[PDB]
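In the structure tokens that follow, the same protein chain appears in two forms, which are kept apart as structure 1 and structure 2.
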Structure 1
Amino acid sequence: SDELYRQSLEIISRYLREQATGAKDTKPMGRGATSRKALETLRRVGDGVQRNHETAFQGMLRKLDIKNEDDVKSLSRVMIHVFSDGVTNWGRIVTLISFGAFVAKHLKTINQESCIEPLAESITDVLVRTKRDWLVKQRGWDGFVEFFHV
């Protein structure tokens, strides 16, 4: 078991799917209150990030050339490269996930909605593998919710 991984995947995959489809998942969370609050936080902060960084996000998306599942498997390289360099903070974590939603929207437009699942899995894996101890020290998703509160 790996609760931090499980909860992160739940939050990130739900946010990406909802951003792509425009529809909210009514299914209960795997455990719960924290995840609901995290997802609410992402809707608010993430939508702003996508608006503020439209041009940068378009540029990154073009540089990747996601067309199929094989492209999604390789974008991990770029993601790790850009995300692991420099300092760690919640703003960069929101940027990581927000760009994920941006790509997920693109995937839906090119009829590759199934690729959203490995995309979410890849984002979660990079986040939790590279930032494990920082996330734990920052109190995980409870810390995230607190950081961006009101």
Structure 2
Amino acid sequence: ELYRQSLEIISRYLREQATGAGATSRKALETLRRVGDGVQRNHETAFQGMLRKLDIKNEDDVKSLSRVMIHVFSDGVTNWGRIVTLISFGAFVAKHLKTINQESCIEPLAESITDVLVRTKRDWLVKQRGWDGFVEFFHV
């Protein structure tokens, strides 16, 4: 349940960002556009530098983001701000991959992000009410 829903949400946001075009998932998408576009514009210079260092240009470089995610969580801190930030950076990456015509890599990118989130944080997500907790955390 949670993996499928998380992948639907994350990949839809990533595809919409790269190409510029139930109720819980709709409001989660609505949240990602508001907060996630905000993070991207607020941190554009830092995100550019990060993408440069990581050098993500094809689908074997996609695993870089999952390594970044494990590193980010390795201090033992979990919160919705970090999760939305990681998805926002993923969207920043998918935007670049489409420009170099690596649309091949958009969904595998969304899958790697979802993989790390659900597998290493499954019970935290469930305890927090999943994507309903995400929406409420970032609500109005």
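Residues that one form lacks are left out of the comparison. Rigid core: the largest C-alpha set superposing within 1.5 Å between the two forms. Numbering runs along the sequence of structure 1, starting at 1.
Superposed on the core, the two forms differ at residue 84: its CA moves 2 Å or more between structures 1 and 2. If you overlay the core, the Cα of residue 68 moves by 1.3 Å between structures 1 and 2. Core-superposed comparison between structures 1 and 2: residues with C-alpha shifts of 2 Å or more form runs of three or more at 73 to 79, 82 to 86.
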